[PDB]
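Protein chains in written order, with PDB author numbering: chain U, 11 to 52; chain E, 447 to 495. All C-beta atoms, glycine included, are put in the ideal place defined by N, C-alpha and C. Below: one structure, written as structure tokens.
This is how it looks when you write it as structure tokens:
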């Protein structure tokens, strides 16, 4: 019923948070690349 | 080439979620209005009485 469709609308919301998650995966990857370059510089 | 094939075979998780959201909201409405639509004949019968 209504609260079911409501917490799976929160679900369409959390996979949009799972769109943020792609974004966070890229930021993690980018931080890793930055650290790699820095240690290479050393 | 992997990146290109991925561009061809990888989609907007967001777009798909949006489409599903709209479809989900529509489906419950359809069920409920079907249930209500059955009532109209019932009330015409009530009038019959």
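Under 7 Å between C-beta atoms of residue i and residue j
| i | j | result |
| --- | --- | --- |
| residue 492 of chain E | residue 22 of chain U | no |
| residue 481 of chain E | residue 29 of chain U | no |
Amino acids of chain U, ordered along the chain, whose beta-carbon sits closer than 8 Å to that of residue i
| i | result |
| --- | --- |
| residue 467 of chain E | 19, 22 |
| residue 460 of chain E | 26, 29 |
Nearest-angstrom Cα separation, counted from residue j out to residue i
| i | j | result |
| --- | --- | --- |
| residue 49 of chain U | residue 11 of chain U | 56 Å |
| residue 484 of chain E | residue 478 of chain E | 10 Å |
| residue 41 of chain U | residue 469 of chain E | 39 Å |
| residue 476 of chain E | residue 463 of chain E | 20 Å |
Residue i: first and last residue of the uninterrupted alpha helix (DSSP H) it sits in
| i | result |
| --- | --- |
| residue 29 of chain U | 12-51 |
| residue 451 of chain E | 448-455 |
| residue 495 of chain E | No alpha helix (DSSP H) holds residue 495 of chain E; DSSP gives it neither H nor E. |
Where residue i meets chain U, residues with beta-carbon distance less than 7 Å
| i | result |
| --- | --- |
| residue 463 of chain E | 22, 25, 26 |
Identity of the residue in the options nearest residue i by Cα
| i | options | result |
| --- | --- | --- |
| residue 14 of chain U | E/463, E/458, E/474 | E/474 |
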